[PDB]
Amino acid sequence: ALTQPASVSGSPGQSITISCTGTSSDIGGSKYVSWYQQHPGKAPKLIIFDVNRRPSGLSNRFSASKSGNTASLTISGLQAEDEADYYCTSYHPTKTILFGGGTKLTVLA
């Protein structure tokens, strides 16, 4: 599996970053790493990133990047609705598709 922290948390308006670490064969070979959001009792959903920047330079609510064997999902301007489980994934030449173990995101008061 890919390694993610068990949980993360922050208050509304804050920025949170979830890491995902794999091997040279998966995240390491990837130029793009996909992320899923899963609300309680619901199917996972692919997180779709905006390509346009906001005019002021305000960070997009959801963004992602990767470097070597690690990837990161950043959720800024945190909102109550972001409370969910988050999963990274990667292709892998022999295992085909790997998932991270998941990260529970809590939005506090």
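Heads up: residue numbers just count along the shown sequence, starting at 1.
K.L.:
Can you let me know which of the two, 66 to 74 or 43 to 51, has the higher average C-alpha B-factor in the entry?
P.N.:
Result: 43 to 51.
K.L.:
Look over 77 to 85 and 31 to 39 in the entry and identify the one with the greater average Cα temperature factor.
P.N.:
Going by the record's values, the stretch with the higher mean is 77 to 85.
K.L.:
When the modelled residues of the chain are sorted by Cα temperature factor, does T94 land in the lowest, middle or highest third?
P.N.:
Highest third.
K.L.:
Is the Cα B-factor recorded for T23 in the lowest, middle or highest third of its chain?
P.N.:
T23: CA B-factor falls in the middle third of its chain.
K.L.:
When the modelled residues of the chain are sorted by Cα temperature factor, does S11 land in the lowest, middle or highest third?
P.N.:
Highest third.
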